[PDB]
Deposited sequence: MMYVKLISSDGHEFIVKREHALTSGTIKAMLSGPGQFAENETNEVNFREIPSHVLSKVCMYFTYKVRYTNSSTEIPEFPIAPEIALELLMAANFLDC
């Protein structure tokens, strides 16, 4: 399968499917195989990569959808990240 590398501010390298990362219009532009994020730390970027998986799993499904969890500590930084990524 096709994968892409998303790199956080602190050097962490998250390797996810290209389909999943294209969810974010910002990442699509940043590509059109690796994308460095100067402002998104790893504890935020891992939740983003989790959200992609979550969103691709539960879109178009009549199975009960669970709540996508966000710890209070990371809510601001994740808000700012999603607002930048548009996902």
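According to the record, C-alpha coordinates are lacking for deposited residues 33-42 and nowhere else.
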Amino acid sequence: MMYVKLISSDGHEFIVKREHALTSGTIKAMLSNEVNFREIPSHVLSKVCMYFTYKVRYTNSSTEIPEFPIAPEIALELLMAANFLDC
From here on, numbers count along this sequence of modelled residues.
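Stretches 22-30 and 41-49 differ in mean CA B factor, with 22-30 having the higher one. When all modelled residues of the chain are sorted by CA temperature factor, residue 13 is found within the lowest third. Per-chain ranking of the deposited C-alpha B factor places residue 75 in the middle third. In the deposited entry, the Cα temperature factor of residue 87 places it in the highest third of its chain's modelled residues.
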